[PDB]
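1. Coordinates for the following, if possible.
(one chain, ligands or ions: 1)
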Amino acid sequence: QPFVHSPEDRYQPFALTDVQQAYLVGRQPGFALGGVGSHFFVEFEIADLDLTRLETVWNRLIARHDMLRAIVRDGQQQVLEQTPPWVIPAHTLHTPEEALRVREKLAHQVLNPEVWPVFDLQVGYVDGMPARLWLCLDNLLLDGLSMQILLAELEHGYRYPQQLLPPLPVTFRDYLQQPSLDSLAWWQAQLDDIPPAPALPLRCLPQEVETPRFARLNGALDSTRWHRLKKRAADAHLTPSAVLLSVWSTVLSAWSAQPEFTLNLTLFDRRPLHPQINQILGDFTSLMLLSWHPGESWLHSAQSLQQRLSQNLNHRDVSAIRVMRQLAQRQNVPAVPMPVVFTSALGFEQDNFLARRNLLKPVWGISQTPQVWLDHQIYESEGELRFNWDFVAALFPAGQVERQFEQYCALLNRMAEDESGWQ
Ligand code: NA
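-> Numbering: from 1, shown residues only. Dropping the coordinates below:
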């Protein structure tokens with residue numbers, strides 16, 4: 001079907017996605033966590049920052065991407081035609097300690113989605129040190145792939161400020177309006193075979209965390225080992241995502257009260273309704289449950305997970321949001337939460353995202369998701385697999401997440417080197 005553009009309605013309100021609605025209500029106390037926002041925060045270091053150049057690039061991106069000018073208003077989303085140019089606030093800091101105090105303030109700020117802008121961008125000059133760029137974007141409006149697109153454009157524009165990009169020919173607003181946007185029956189069919197989320201040890205009731213604060217652990221698998229592990233995956237009839245999911249679930253099983261459990265998978269692939277759809281910013285998130293049922297050998301367990309994954313992917317028009325409701329109705333409980341999440345940006349041609357030699361050098365970051373305890377996020381860059389776990393640190397016993405991360409990194413590396421554990 002041909003894409004239907006409605007430029008005369010470009011600035012009219014439009015409906016929020018299911019994911020966006022969940023984020024907004026996740027600002028309030030819920031079944032699995034206190035209220036929290038949904039933003040993504042990164043600190044970059046820039047040698048010899050040219051503020052005027054950065055401001056030009058950023059304002060071009062605001063003009064280029066409708067969803068940077070979006071707000072939530074009267075229960076819907078809306079793109080603002082004209083917004084005041086962003087004049088970047090700059091702080092003068094005399095020590096790295098002073099800059100850390102600013103980072104801490106900005107990384108945990110609350111973006112009000114009702115008042116433009118639903119982002120923040122400030123800089124900090126530190127005497128005799130690289131300047132800092134503190135960037136805050138909201139997953140309420142820009143999904144993970146959108147944030148990779150936008151950050152790559154920000155790097156590219158700052159490096160090559162003379163290049164002008166032609167306007168985008170398709171909008172997120174119009175995408176959501178397309179017609180294309182028994183799967184429900186297929187999901188209802190196996191409500192009895194979806195086990196609860198991982199029953200991980202907690203140091204308190206998660207509902208009793210009034211102001212959840214996220215922390216991050218990050219790692220990488222070097223490009224030689226990641227190539228080798230992808231090859232071994234192929235030889236064992238597993239996608240790379242299935243291998244990573246199975247390695248992670250092995251660690252989670254070892255800590256959980258029950259060895260079988262369900263994860264919520266966050267995916268970003270877009271329906272191919274316009275040839276340039278992968279170039280725009282918006283919320284294209286899909287959520288999909290996937291259960292881990294360990295068997296005799298890791299390999300058998302991974303192969304069962306891959307088969308389940310392949311089938312489930314065929315039914316993502318029914319969201320995990322809906323399935324969790326069906327699960328709670330079937331089980332006669334108020335809610336069935338899925339607070340342990342796996343988020344994959346593999347496969348989206350964002351090669352060399354955050355490439356080592358980037359002028360905007362990422363040095364620190366954190367992300368929040370309401371009603372989530374632990375989010376394992378992955379992406380590929382410069383041939384390496386890069387990953388981070390974002391988690392509510394206060395929920396878990398001291399040292400627990402750090403130890404699980406240590407075990408996960410060790411197992412990942414060993415399985416990339418050592419053929420033994422592939423049965
Ligand atoms: Na977020």
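2. Buried residues, stretch 358-370. List them.
-> 358, 360-362, 364-370 (16 or more other CB atoms under 10 Å). All C-beta spots, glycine's among them, are computed from the backbone N, C-alpha and C.
3. Inside strands: which ones of those residues?
-> Residues from those lying in strands, with DSSP state E as the criterion: 361-362, 364-367.
4. What residues does residue 169 make contact with?
-> 274, 276 (CB atoms under 8 Å, 6 or more residues apart in numbering).
5. Also within reach of the ion: list those from the buried residues of stretch 358-370.
-> 367-368 (CB under 5 Å from the ion).
6. Just put the buried residues of stretch 358-370 in TSV and tack on distance to residue 116.
-> Output for these, formatted as TSV (distance: CB to CB, whole Å):
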residue	distance to residue 116
358	28
360	24
361	29
362	26
364	27
365	23
366	23
367	22
368	20
369	23
370	22
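7. Return the member of the buried residues of stretch 358-370 nearest to residue 147.
-> Among these, residue 367 lies closest to residue 147 (CB to CB), at 9.2 Å.
8. Isn't that closest one up against residue 390?
-> Yes - applying CB atoms under 8 Å as the test, residue 367 and residue 390 come out as touching, 5.0 Å apart.
9. What separation do you get for the residue nearest to residue 43 when sequence neighbours are not counted and residue 42?
-> Leaving aside its sequence neighbours, residue 43 sits nearest to residue 364 (CB to CB, 6 or more residues apart in numbering; 4.4 Å). Distance of residue 364 to residue 42, given as CB to CB, to the nearest Å: 7 Å.
10. Buried residues, stretch 178-195. List them.
-> 187-188, 194.
11. Looking at those residues, which are in helices?
-> 187-188 (DSSP state H).
12. Could you report the distance from the most centrally placed residue in the chain to residue 157?
-> What sits nearest the mean C-alpha location of the chain, by CA atoms, centre = their mean, is residue 144, with 4.5 Å. Counting by CB to CB, the gap from residue 144 to residue 157 is 21 Å.
13. Let me see the ranges of the helices in this structure.
-> 18-25, 51-64, 96-107, 144-159, 172-176, 183-189, 223-235, 240-255, 298-313, 320-331, 400-417.
14. residues in contact with residue 188?
-> Residue 188 touches residue 326, counting by CB under 8 Å, 6+ apart.
15. 10 Å instead?
-> 182, 318, 322-323, 326-327, 329-330 (CB atoms under 10 Å, 6 or more residues apart in numbering).
16. Quick one: buried ones out of these?
-> 318, 322-323, 326-327.
17. Throw the residues you listed into TSV and include distance to the ion, thanks.
-> Conversion of those to TSV gives the following (distance: CB to the ion, whole Å):
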residue	distance to the ion
318	23
322	21
323	22
326	26
327	24
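18. May I see the buried residues of stretch 214-221?
-> Under the neighbour-count criterion of 16+ other CB under 10 Å, stretch 214-221 has 214, 216-217, 221 buried.
19. Repeat that for stretch 222-231.
-> Applying 16+ other CB under 10 Å to stretch 222-231 flags 225-226, 229-230 as buried.
20. Of the residues you listed, which is the nearest to the ion?
-> Nearest to the ion, judged by CB to the ion, of the buried residues of stretch 222-231 is residue 226 at 25.1 Å.
21. Please look at that closest one and residue 415 and confirm they touch.
-> No - look at residue 226 against residue 415 with CB atoms under 10 Å: they stay out of range, at 11.5 Å.
22. Report the closest residue of the stretch 101-250 of the chain relative to the ion.
-> residue 139 (3.7 Å).
23. what about that residue, neighbour count?
-> By the criterion of other CB atoms under 10 Å, residue 139 has 23 neighbours.
24. Ends of stretch 310-319, what's the gap?
-> 16 Å (CA to CA, to the nearest Å).
25. Then stretch 84-103?
-> End-to-end distance (CA to CA), stretch 84-103: 25 Å.
26. Flag every buried residue along that stretch.
-> 86, 91, 93, 99, 102-103.
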